[PDB]
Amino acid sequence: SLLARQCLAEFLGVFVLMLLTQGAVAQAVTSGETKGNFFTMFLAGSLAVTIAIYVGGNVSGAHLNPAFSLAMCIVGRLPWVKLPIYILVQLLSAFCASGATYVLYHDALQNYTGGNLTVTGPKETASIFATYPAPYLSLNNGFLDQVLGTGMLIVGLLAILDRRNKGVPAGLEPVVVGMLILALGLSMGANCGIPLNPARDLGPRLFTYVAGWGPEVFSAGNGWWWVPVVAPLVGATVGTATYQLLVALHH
């Protein structure tokens, strides 16, 4: 079954993406920042994307991201009827990787918290799994952040995926994508941590909702949960339109 094969690729790639991304936050948090910090988190996040894109068969393979799946539907490369299935698989995979992360870091989490799982405050561990905005950040500014960041990402991915573009060399495309993730992380990561990917954010938030952290994962940050869902989708639409226009202006 082709759909099944496509679904396997999404599940595998999102799983590896999420393990490495979340593991790097758990490493920094539960170690008191003696084995990780903000830079380590951004770098491991960009290496996670490089590796996951390889796992998924490169940029032309798995999407790993509802935002990118939307972009593929817009340009005609993925049938609209398959979009919910992809997003479902990507969400489930991120949910499952959060469980793997929880088990990988069980002793470290227990040691750091004494078993007290919190969303805010000095020992909070909710942000190992999903993102939370900086304390100063309004919903509007956060929405803008993650329209711009995701639209930049999407235009970069589409230009790499576009075979008529002379860009990066065969077999290195995931490495350059990793470079862009790093650049975005270090230049646009301060407001709310470049989730850039609604499955990357909602799947794990749901995991922490049911695995001990409770409803505050949805009320925290002024109801922040829906911004990493909606804004990347807006960013993918605007980014796909921008890219399609640029192509039209060029030939």
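Note that residue numbering begins at 1 and tracks the sequence as displayed.
S.K.: Should the higher mean CA B-factor in the entry be assigned to 178-186 or to 209-217?
M.R.: Comparing averages over the C-alpha atoms only gives 209-217.
S.K.: Just grab whichever of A108, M72, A126, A100 has the top CA B-factor as deposited.
M.R.: Going by the entry's C-alpha B-factors, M72 comes out highest.
S.K.: If you rank every modelled residue in this chain by C-alpha B factor, which third holds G223: lowest, middle or highest?
M.R.: Tercile = highest for this residue's CA B-factor.
S.K.: In terms of the CA temperature factor given in the entry, to which third of its chain does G203 belong: lowest, middle or highest?
M.R.: Middle third.
S.K.: Once the chain's modelled residues are ordered by C-alpha B factor and cut into thirds, is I194 in the lowest, middle or highest one?
M.R.: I194: CA B-factor falls in the middle third of its chain.
S.K.: Going by the entry, which third of its chain does the Cα temperature factor of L64 land in?
M.R.: Answer is middle: the recorded C-alpha B-factor places it there.
S.K.: Based on the entry's values, in what third of the chain does the Cα temperature factor of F15 lie: lowest, middle or highest?
M.R.: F15: CA B-factor falls in the lowest third of its chain.
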